[PDB]
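Everything on this sheet refers to the single structure shown next.
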Amino acid sequence: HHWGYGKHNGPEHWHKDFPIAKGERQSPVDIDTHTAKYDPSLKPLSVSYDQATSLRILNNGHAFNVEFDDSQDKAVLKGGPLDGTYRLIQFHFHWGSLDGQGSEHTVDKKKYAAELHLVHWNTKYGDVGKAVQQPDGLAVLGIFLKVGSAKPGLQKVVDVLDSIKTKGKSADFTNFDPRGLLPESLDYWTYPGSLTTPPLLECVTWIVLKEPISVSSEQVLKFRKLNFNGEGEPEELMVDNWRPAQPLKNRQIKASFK
Ligand SMILES: NS(=O)(=O)c1ccc(C(=O)NCc2ccc(F)cc2F)cc1
Ligand SMILES: NS(=O)(=O)c1ccc(C(=O)NCc2ccc(F)cc2F)cc1
Ligand SMILES: [Hg+2]
């Protein structure tokens, strides 16, 4: 049936319905800090989220997305390895059943507790639908989460999870400021890749931040209480919604710092 993260429909099965799963620029990948190339020509990232308008939060099976109004250049990402303006359309997380796993990308084989993905699309393409059909259509800002101190800016998200426990549920989520989820430093690694969930389109420029943000054990626990299933169906906890690292193949990971 539909794809998932279970034994019978997990990542190892996606290739049957989405041949691109065994493509040349699939994500996530393991970032080997010792072979990543420091690139002096990489420009600093420009994150302008001051005018961000969040609208809704929803459980879509797989994960929970916080959507933003992308009708105008309100929250945009520019700079770095990007050409043009990219609008923030939504952000979501991937997490594990235990603190030692959850992130999609790994650094020197180290998995973090979770990973935040802030998804943006290239404005030159007019709409996200056209953007996903281009090699530079999307830019996803990836941030690692490690268990430690609580992240104040994340609490508003944690408190609302109860109202969207099952698949298909959504709740109004206005006035959320995504700037509250950023680490202090904007140093990053970048490589061309793909969406990490079906349809696995190879249209993403990945920008993974070096500095993880810290979240408390209690905050991460609440992600784990969400459900993959819809209301009235057998309860399957939403945990381990991450795809294992894919072969790097003929790609080079560039670093904005030495
Ligand atoms: N402007 S808004 O807040 O209402 C909005 C928010 C989220 C999404 C979404 O997650 N769709 C994903 C999505 C839909 C179609 C497609 F081809 C690729 C793709 F990533 C769409 C619109
Ligand atoms: N974990 S991750 O950052 O890589 C990621 C980011 C966005 C999406 C998404 O928008 N899915 C909907 C969607 C629906 C239809 C389509 F054609 C493409 C598409 F991405 C999926 C995975
Ligand atoms: Hg593409």
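Residue numbering for the sequence shown follows UniProt numbering, starting at 3 and increasing by one per position.
Backbone N, C-alpha and C fix where the C-beta goes; we use that ideal spot for every residue, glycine too.
Classify residue 35 as helix, strand or coil using the three-state DSSP reduction.
-> coil
Tell me, please, whether the segment 176 to 192 touches the segment 244 to 254 by the rule of three or more beta-carbon pairs shorter than 8 angstroms.
-> no
Hey, which unbroken runs of the beta strand (DSSP E) at 3 residues or more fall wholly within the segment 85 to 170?
-> 88 to 97, 116 to 124 and 140 to 149
Cβ separation of residue 124 and residue 167, assumed to be a contact under 8 angstroms, to the nearest whole Å | That belief does not hold up - the Cβ atoms of residue 124 and residue 167 are roughly 34 angstroms apart, past 8 angstroms.
Selected residue, minimal CA-CA separation from residue 100, among 132, 143, 86 and 223 | 223
Can you tell me which of 225, 196, 254 and 158 puts its alpha carbon nearest to the alpha carbon of residue 58?
-> 158
Between the Cα of residue 55 and the Cα atoms of 192, 180 and 208, which residue gives the shortest distance?
-> 180
Report all residues from its chain with a CB closer than 8 angstroms to the CB of residue 116; omit the five preceding and five following residues, and keep chain order.
-> 95, 96, 97, 98, 104, 105, 146, 147, 217, 222 and 225
Ends of the beta strand (DSSP E) at residue 70?
-> 66 to 70
Other residues of its chain near residue 155: CB distance less than 6 angstroms, five sequence neighbours each side excluded = 182 and 183
What residues are listed by DSSP as bridge partners for residue 27?
-> Per DSSP, none; premise fails for residue 27.
How should residue 61 be labelled, buried or exposed, when 16 other C-beta atoms within 10 angstroms of its C-beta is the threshold for buried?
-> buried
Quick one: does the C-beta of residue 137 sit closer than 8 angstroms to a heavy atom of ligand 3?
-> yes
Hey, quick one: how far does the beta strand (DSSP E) through residue 47 stretch, first residue to last?
-> 47 to 50
Do you know how far the Cα of residue 107 is from the Cα of residue 34?
-> 11 angstroms
From this set, 169, 138 and 82, which residue's C-alpha is nearest residue 49's C-alpha?
-> 82
Can you list, in chain order, the residues of its chain whose CB lies under 6 angstroms from that of residue 258, leaving out five sequence neighbours each side?
-> 44, 189 and 190
Can you tell which of 149, 169, 151 and 178 has its C-alpha closest to the C-alpha of residue 161?
-> 178
Straight-line CA distance for residue 89 to residue 75?
-> 6 angstroms
DSSP-derived helix/strand/coil call for residue 56 | strand
Any idea what DSSP makes of residue 185, helix, strand or coil?
-> coil
Mapping DSSP to helix, strand and coil, what is residue 263?
-> With the chain covering only 3 through 260, there is no way to say anything about residue 263.
How would you write the range of the alpha helix (DSSP H) that residue 16 sits in, first residue to last?
-> 16 to 19
Would you check whether ligand 2 has a heavy atom nearer than 8 angstroms to the C-beta of residue 109?
-> no
Is it the case that the CB of residue 72 approaches a heavy atom of ligand 1 more closely than 8 angstroms?
-> yes
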